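K.L.:
This is the structure I want to talk about, given as structure tokens.
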Amino acid sequence: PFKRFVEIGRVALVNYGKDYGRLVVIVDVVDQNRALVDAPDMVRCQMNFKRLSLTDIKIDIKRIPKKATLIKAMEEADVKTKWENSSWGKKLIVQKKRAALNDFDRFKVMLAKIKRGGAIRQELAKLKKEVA
Amino acid sequence: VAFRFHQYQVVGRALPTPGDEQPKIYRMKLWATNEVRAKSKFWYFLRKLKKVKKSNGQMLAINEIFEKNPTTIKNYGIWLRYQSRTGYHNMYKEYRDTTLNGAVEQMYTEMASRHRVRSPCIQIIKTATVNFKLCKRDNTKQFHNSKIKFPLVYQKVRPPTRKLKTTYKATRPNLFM
Amino acid sequence: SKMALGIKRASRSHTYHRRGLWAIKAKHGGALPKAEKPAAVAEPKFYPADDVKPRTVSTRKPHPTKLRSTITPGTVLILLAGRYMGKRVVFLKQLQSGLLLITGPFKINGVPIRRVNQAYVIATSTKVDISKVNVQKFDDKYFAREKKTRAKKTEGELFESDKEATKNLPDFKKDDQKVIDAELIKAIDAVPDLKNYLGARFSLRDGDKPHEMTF
Amino acid sequence: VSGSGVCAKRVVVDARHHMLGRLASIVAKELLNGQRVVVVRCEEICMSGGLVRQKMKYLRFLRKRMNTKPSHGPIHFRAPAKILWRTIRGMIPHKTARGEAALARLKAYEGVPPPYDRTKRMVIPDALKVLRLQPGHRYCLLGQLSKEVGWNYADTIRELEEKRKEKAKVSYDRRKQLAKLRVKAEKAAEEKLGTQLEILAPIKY
Amino acid sequence: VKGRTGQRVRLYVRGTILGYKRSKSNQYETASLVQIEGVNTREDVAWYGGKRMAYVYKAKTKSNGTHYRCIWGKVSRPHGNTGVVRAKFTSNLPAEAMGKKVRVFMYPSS
RNA sequence: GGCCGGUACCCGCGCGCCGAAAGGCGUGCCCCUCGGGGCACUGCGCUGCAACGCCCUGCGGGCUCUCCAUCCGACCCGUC
RNA sequence: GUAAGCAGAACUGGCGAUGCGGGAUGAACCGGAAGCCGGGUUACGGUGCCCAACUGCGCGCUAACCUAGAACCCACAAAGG
RNA sequence: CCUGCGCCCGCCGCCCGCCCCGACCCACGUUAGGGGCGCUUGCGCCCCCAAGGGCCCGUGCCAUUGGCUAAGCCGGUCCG
Ligand SMILES: [Mg+2]
Ligand SMILES: [Mg+2]
Ligand SMILES: [Mg+2]
């Protein structure tokens, strides 16, 4: 049993190149290596499976569908929202946000996390001693 | 983006000669990497077919053809003449590609791989967008179906950019198709 | 537009406008004044054997060193060298000789108002409001050393006699620190956590890539 | 291959299912740059080419012996640790002082002899079998080769590894227990601190 | 680690000396090769281009009260596609220095 | 960002003022006509870029001398 | 001359008289000719380690149970299946 | 077995030499699969791409004078 296939509709992260991070809909297959990928911000183009990491979101669309219907199906399957709330899709967003922290923000994060460490230390001690 | 080949069309003619001061005009559709290489290949063909050499010839124009719809996949056919190690041969090759230019580059690489023929050896007789329901070749014709579906049997794991690349990674990678 | 500045400067008419030959057409009639034969010393005490050359008054007028774009009066900087490396300080203003003038404040960092080279500091994206601080009293002469005579060699007997005496930075610099420290703490407490922030020192803990780090 | 640049006092390498040549080139460059490696479970290295091809290669290596004094010529090792060590010596210039000081940093073991049991074993993605061979090509394990070449301690290493594996299974179940209790502790602190800890939410997952 | 003794702030990135700028049969001791810990690519060493480094070793005789020594240098230009840099020092390093640690500060910053 | 250079000529400074200073300030003619832009009358002179450090009989500085290590190179000369 | 790192000729260049970078090593093969130094960029040749440069981005072909195969000269292999 | 003027061992008062600058982190196993938690022990839920993560006063001139000190964390040391 396989849990993720290349088929018309499925959205994939683009996991390599100048264009890391973009989500693209596989609207057609060129051959066993290359695919047609389309996006709301980017014009349909060929792009290689080795540069595509498939995701778990699929959308019910035509073959090489018109741009309007591709958009309407993308919000019909709420791909950007579902990606963002996905743990995988949240991984990339959180790494960009951690990339965006400056020094004062990083110091506030350090202070916020030291108290959390002390808190979980206190709590773990109490609960371990509670469990007799 | 950048295409290793381009399809030009080149028009030339013999020099005017005070006998028949309007020579006949020859048009050809060439593939080459740039303008000067297209021109140099053009005089090749007119010298070996129309008995016209560049010194007694004249270049009228070189123009570069581009593809109508780069955003649509097209089944291409190339009838090509090549030189093996022991003679010449005629082949038909079908490709799928968004541009004839990319299909031709695909064909040069495929010929250089399947038959060890270099680009100086290949002559493209004819190129034609052979639409589906007429493709003769299994590898092309097997991709002609809606509801196509298959996994990635082969996918590289690699940092998205070079910056994330480390020699030591404590955890075995998780691969699953 | 460095090239456009160069052209506009190099134009003959604008060279006239800069060198101000007009208002030299004011004082000395409507024509440019003559020069004369100064320097009638006629009293050479000593004749050097080699061809004589006198001292230079440098007639060349160097451009002041430019400040970084990401430095504004009111930034928190990061020191890099010297005894205060890693200290997070406040940039008050660029003093006139070309060096940055910074404060700790001295109550929390122990870094006084001091002169630091622009090379050895890093801007941080943070700003403090220091509209209400008085700095005009600061200049180069405030820091001019007047180093004493080289006849004192620091020996063992002086090593801790200087430490156990207070013949050191005189009391008016002490007094100065109080006023700047107060007038800048009052505006540091407005920003949350900034007192702790400036109290801290910047360290590059494992897995920190400076080029990746914003500032 | 330029060198990891990690500052660890030693780097321990779990050489199970890696490729001999590529693991050894990576290690050799680590050693030359000056980083001390300790390659453990050397007996499990995968090698491309069939077991028969590696057998034939190693017996060609056996015929090579100095005629007039056999003890002097090639020294044909049998332990997987020593075969890997010889391979890396192949990539290091061992007739120079830099070369011998380079191999001095190399400690290779079969299995994981303590104190390397209680140590995270770093793997080298540039050489794993899964990522380096196409699934379907014949390969072999360096331990299975050496057994068939004249290393008489295969059973001993198997015994020691079965003991080590069960002894580590016990501890890993212990750390599952501790980890679920610490998960409970993390939420105990999370639902105890609210607005005081919002700042970590947009950079936590 | 916790309650440790040693330097309390690191304002310098570690690097390893890696050799010299060498052809297959020459060495050019004027410029050395350095790997900065954490840099992996040709663009990123463009940031360190200029930031001075220090080879800190320590001799056998005590001079100015310390065995420690310092030779000074800076990152001139990238050397290759994998974050190696060429380093220029005041006086050429010993050949024994290759493999040892070097401190790369951020003094000439921006 | 690297390497070199630091001025008798190209630059630059004074013969006016304001300005710590970068520098701003005049008049007349052409252009757009906003913003401002272009051009112009042109003279005497002078004309080796600076700031701050460290050490100064020191366990200092540096050496082309000696020994040793290390990387690279490197077969023993005369000769037919 | 059967062929020859063979003998005799033609045009040219090289070696001899010549270092230097590459071809692992080679007098004449490839690049190239040179005062002594700093900086940059290259030719030929390469970028897994030795060994400075990518286990870089693509596409195919090969599976060698014969030492699979891997550099102009070159250090060879054929007819045939 | 371990030198009757020789040495061994323990304590602490320290000087130095060397390393280092957070010199922190124990699953096995496969990758045409796997992981964690619950209960039909088979089915659910959630997750898997890289440690690219966790952890840690992480913040004091390798660190000013003092005083107190919850809980917690760490180092030494006794015992098991
Ligand atoms: Mg002769
Ligand atoms: Mg040169
Ligand atoms: Mg290398």
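K.L.:
Which condition number does D:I124 fail, the rest of (1) without any contact (Cβ under 8 Å) to a residue 12 or more places away in the chain; (2) within 11 Å of RNA strand H (Cβ to nearest atom); (3) touching a helix residue (DSSP H, G or I) at 6+ places or on another chain (Cβ under 9 Å) being met?
P.N.:
So D:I124 meets the others, but not (1).
K.L.:
Now for a separate question. Within the range A:87-102, identify whether any single residue is surrounded by fewer than 18 Cβ atoms within 10 Å (Cβ to Cβ), in contact with a strand residue (DSSP E or B) (Cβ under 8 Å, 6 or more places away or on another chain), closer than 30 Å to C:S125 by Cα and at the interface with another protein chain (Cβ under 9 Å from one of its Cβ atoms), and answer yes or no.
P.N.:
Yes, that holds for at least one residue.
K.L.:
Further question: Test A:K50 against the stated conditions and say whether it is touching a residue at least 12 places away in the same chain (Cβ under 8 Å), out of contact with any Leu (no Cβ under 6 Å at 6 or more places or on another chain), within 9 Å of another protein chain (Cβ to nearest Cβ) and among the basic types (K, R).
P.N.:
Taking the combined requirement at face value, the residue satisfies it.
K.L.:
Mind checking which residues of the range B:120-154 are closer than 26 Å to A:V6 by Cβ and in contact with a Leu (Cβ under 8 Å, 6 or more places away or on another chain)?
P.N.:
Scanning the range B:120-154 gives B:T129, B:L152.
K.L.:
Then there is this: Among the residues of the range D:1-28, count how many are more than 10 Å from RNA strand G (Cβ to nearest atom) and within 14 Å of chain E (Cβ to nearest Cβ).
P.N.:
7
K.L.:
Output the residues belonging to the range C:42-76 that are surrounded by 10 or more Cβ atoms within 10 Å (Cβ to Cβ), within 14 Å of another protein chain (Cβ to nearest Cβ) and in a loop (DSSP other than H, G, I, E, B).
P.N.:
Matches in the range C:42-76: C:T65, C:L67, C:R68, C:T70, C:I71, C:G74.
K.L.:
Suppose we filter A:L101, A:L36 for residues that are within 16 Å of RNA strand G (Cβ to nearest atom), over 16 Å from the mean Cα position of the chain (by Cα) and among the aliphatic types (A, V, I, L, M); which single one remains?
P.N.:
Going through A:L101, A:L36 in turn, the sole match is A:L36.
K.L.:
On to the next question. Working only within the range E:22-47, note down all residues that are touching a residue at least 24 places away in the same chain (Cβ under 8 Å), within 14 Å of chain C (Cβ to nearest Cβ) and more than 9 Å from RNA strand F (Cβ to nearest atom).
P.N.:
Hits for the range E:22-47 are E:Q35, E:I36, E:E37, E:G38, E:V39, E:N40, E:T41, E:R42, E:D44, E:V45.
K.L.:
Cβ-Cβ distance below 6 Å, separation of 6 or more or different chains: which pairs start in the range D:128-139 with a residue that is farther than 18 Å from D:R53 by Cα and within 9 Å of RNA strand G (Cβ to nearest atom) and end on one that is in a loop (DSSP other than H, G, I, E, B) and of a type in the set (A, V, I, L, M, F, W, C)?
P.N.:
Every condition considered, no pair remains.
K.L.:
State all residues of the range B:35-72 that are in a loop (DSSP other than H, G, I, E, B) and in contact with a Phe, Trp or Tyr (Cβ under 9 Å, 6 or more places away or on another chain); if no residue qualifies, say none.
P.N.:
B:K50, B:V52, B:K53, B:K54
K.L.:
Tell me whether the range B:152-173 contains one or more residues that are touching a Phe, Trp or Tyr at 6+ places or on another chain (Cβ under 7 Å) and away from every other protein chain (no Cβ under 14 Å).
P.N.:
no
K.L.:
Looking at the range C:194-215, which of the residues that are in contact (Cβ under 8 Å) with a residue 60 or more places away in the chain and out of contact with any strand residue (DSSP E or B) (no Cβ under 9 Å at 6 or more places or on another chain) is surrounded by the most Cβ atoms within 10 Å (Cβ to Cβ)?
P.N.:
Looking at residues that are in contact (Cβ under 8 Å) with a residue 60 or more places away in the chain and out of contact with any strand residue (DSSP E or B) (no Cβ under 9 Å at 6 or more places or on another chain), I get C:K195.
K.L.:
Right, here's the next one. Criterion first (within 16 Å of ligand 3 (Cβ to nearest atom), buried (at least 20 other Cβ atoms within 10 Å of the Cβ) and either on the phi > 0 side of the Ramachandran plot or assigned to a helix (DSSP H, G or I) (or both)) does D:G5 satisfy it?
P.N.:
yes
K.L.:
Give E:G99, E:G80, E:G19 a once-over and let me know the one that is touching a residue at least 24 places away in the same chain (Cβ under 8 Å) and assigned to a strand (DSSP E or B).
P.N.:
Residue meeting the stated conditions: E:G19.
K.L.:
A further question follows. Within the range C:80-95, track down each residue that is over 20 Å from C:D181 (Cα atoms) and either among the aromatic types (F, W, Y) or crowded, with 20+ Cβ neighbours inside 10 Å (or both).
P.N.:
C:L80
K.L.:
Would you check which residues across the range D:1-11 are of a type in the set (A, V, I, L, M, F, W, C), within 9 Å of RNA strand H (Cβ to nearest atom) and in contact with a strand residue (DSSP E or B) (Cβ under 7 Å, 6 or more places away or on another chain) and list them?
P.N.:
Within the range D:1-11, D:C7 is the sole residue that qualifies.
K.L.:
Can you tell which of C:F106, C:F91 is within 24 Å of E:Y12 (Cα to Cα), of a type in the set (A, V, I, L, M, F, W, C) and in contact (Cβ under 8 Å) with a residue 12 or more places away in the chain?
P.N.:
Matching residue, one of C:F106, C:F91: C:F91.
K.L.:
Checking D:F77 against (1) within 14 Å of another protein chain (Cβ to nearest Cβ); (2) closer than 20 Å to D:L31 by Cβ; (3) not in a helix (DSSP H, G or I), only one condition comes out false. Which one?
P.N.:
(1)
K.L.:
With the requirement that a residue be of a type in the set (A, V, I, L, M) and buried (at least 22 other Cβ atoms within 10 Å of the Cβ), what does the range E:16-61 give you?
P.N.:
Result: E:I17, E:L18, E:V34, E:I36, E:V39, E:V45, E:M53.
K.L.:
Please determine, by comparing only the residues of the range D:131-156 that are within 12 Å of RNA strand H (Cβ to nearest atom) and assigned to a helix (DSSP H, G or I), which one is nearest to the other protein chains (Cβ to nearest Cβ).
P.N.:
D:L131
K.L.:
A follow-up question, please. If a residue has to be exposed (fewer than 15 other Cβ atoms within 10 Å of the Cβ) and in a helix (DSSP H, G or I) to count, how many in the range C:170-184 make the cut?
P.N.:
8
K.L.:
Same structure again: So E:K62 fits all but one of (1) within 11 Å of another protein chain (Cβ to nearest Cβ); (2) within 10 Å of RNA strand H (Cβ to nearest atom); (3) more than 19 Å from E:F89 (Cβ to Cβ); what number is the exception?
P.N.:
Unmet for E:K62, out of (1) within 11 Å of another protein chain (Cβ to nearest Cβ); (2) within 10 Å of RNA strand H (Cβ to nearest atom); (3) more than 19 Å from E:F89 (Cβ to Cβ): (1).
K.L.:
Touching a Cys at 6+ places or on another chain (Cβ under 7 Å) and without any contact (Cβ under 8 Å) to a residue 60 or more places away in the chain: is that true of A:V37 in this structure?
P.N.:
Considered against the rule, which asks whether it is touching a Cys at 6+ places or on another chain (Cβ under 7 Å) and without any contact (Cβ under 8 Å) to a residue 60 or more places away in the chain, A:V37 comes out as yes.
K.L.:
Could I ask something else about it? Might you let me know whether the range B:101-119 holds any residue that is farther than 27 Å from A:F2 by Cα, at the interface with another protein chain (Cβ under 10 Å from one of its Cβ atoms) and either touching a residue at least 40 places away in the same chain (Cβ under 8 Å) or part of a helix (DSSP H, G or I) (or both)?
P.N.:
Taking every residue of the range B:101-119 in turn, at least one turns out to be farther than 27 Å from A:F2 by Cα, at the interface with another protein chain (Cβ under 10 Å from one of its Cβ atoms) and either touching a residue at least 40 places away in the same chain (Cβ under 8 Å) or part of a helix (DSSP H, G or I) (or both).
Okay, residues lined up against (1) more than 16 Å from RNA strand F (Cβ to nearest atom); (2) more than 14 Å from chain E (Cβ to nearest Cβ); (3) under 23 Å from D:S2 (Cα atoms); (4) not in a helix (DSSP H, G or I):
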site: D:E30; (1), (2), (3), (4): yes, no, yes, no
site: D:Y58; (1), (2), (3), (4): yes, yes, no, no
site: D:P70; (1), (2), (3), (4): yes, yes, no, yes
site: D:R98; (1), (2), (3), (4): no, no, yes, no
site: D:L103; (1), (2), (3), (4): no, no, yes, no
site: D:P115; (1), (2), (3), (4): yes, yes, no, yes
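K.L.:
Scan C:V128, C:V191 and give me the residue that is surrounded by 11 or more Cβ atoms within 10 Å (Cβ to Cβ), more than 16 Å from ligand 3 (Cβ to nearest atom), aliphatic (A, V, I, L, M) and more than 10 Å from every other protein chain (Cβ to nearest Cβ).
P.N.:
Just one listed residue meets the conditions, C:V128.
Note that each Cβ is placed from the backbone with ideal geometry, even for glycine, and that neighbours are counted across all protein chains shown. We did not get these values from a lab; they are worked out from the coordinates using the rules stated.
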